[PDB]
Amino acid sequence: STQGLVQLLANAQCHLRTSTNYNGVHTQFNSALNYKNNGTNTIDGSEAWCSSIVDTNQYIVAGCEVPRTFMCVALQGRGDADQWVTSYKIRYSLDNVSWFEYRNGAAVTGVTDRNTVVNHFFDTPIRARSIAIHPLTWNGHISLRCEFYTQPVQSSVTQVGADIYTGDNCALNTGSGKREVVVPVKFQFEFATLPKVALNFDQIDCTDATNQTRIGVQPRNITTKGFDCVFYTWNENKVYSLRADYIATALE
């Protein structure tokens, strides 16, 4: 059901803040879906995050700095004792300034035992940075393991460079046939992966040839460090000058 989605807590993709922790071995360190610990030693605590205050004001918040599309939240009870959360509300924030509630704060169905996971796919996927589970009803104690499942994210880095220029009365302004003027370009910083480059006109100064305009600009020899900006014309056209801006973007 969750194929192709990111398991946020399993991949350590969020910070976890809780309202309260029962003690130092019942914390959010123990909150991942299917977390299991040493069943022969009591000292490592609970197979769950468990609160210290038992009321309807507790919560665990997962925060991402990069916005995510949340598809599903999975809840699970406590692995080593009969404590589990039977319903909960979801709150979330995209800008980390205003918070909203899923279903206007209505309860979502939780679990009924220690280990059987209950997935909730949100009615509409939720676009958010931070998301919180607020237990509303429970068996025994407020104790849970959980996961959030998000669409995979993509990360880009873009560099813009302005005003790459042929010069006045450039080599395109004499001769005939295919002709080019090459201007090397160095990016401000080196990209981590090979960028794609858009390179488009902002200033055109050219002569038609039997009423035809023929002008072009294209990158060549694109690397992580820069590229060659190739201005060109062809046929009998005489082009005094061309200027272009570029946009270079690398992914992941």
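Numbers for residues come from their place in the sequence shown, where the first is 1.
### Query
Comparing 179-187 with 62-70, where is the mean C-alpha B-factor higher?
If you average the C-alpha B-factors of 179-187 and of 62-70, the larger mean comes out for 179-187.
#### Entry: Which of 78-86 and 101-109 has higher mean CA B factor, as the PDB entry lists it
Comparing averages over the C-alpha atoms only gives 101-109.
### Query
Which of these, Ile53, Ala198, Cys206, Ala32, has its C-alpha atom at the highest B-factor, as the entry lists it?
Answer, based on the entry's C-alpha B-factors: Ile53.
### Query
Among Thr193, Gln218, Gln212, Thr27, which carries the highest Cα B-factor?
In the PDB entry, the greatest C-alpha B-factor among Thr193, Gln218, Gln212, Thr27 is found at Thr193.
#### Entry: Assigned third (lowest, middle, highest) for the C-alpha B factor of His134
Its C-alpha B-factor belongs to the middle third of this chain's values.
### Message
Splitting the chain's C-alpha B-factors into thirds, which one does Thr249 fall into?
### Response
Within its chain, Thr249 is a lowest-third residue by C-alpha B-factor, going by the deposited values.
### Task
Place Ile164 in the lowest, middle or highest third of its chain's C-alpha B-factors, as listed in the PDB entry.
According to the entry, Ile164 has a C-alpha B-factor in the chain's middle third.
#### Entry: Entry-reported Cα temperature factor of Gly45, expressed as the chain third it lands in
Lowest third of the chain for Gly45's C-alpha B-factor.
### Query
Is the Cα B-factor recorded for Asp123 in the lowest, middle or highest third of its chain?
For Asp123, the deposited C-alpha B-factor lands in the highest third.
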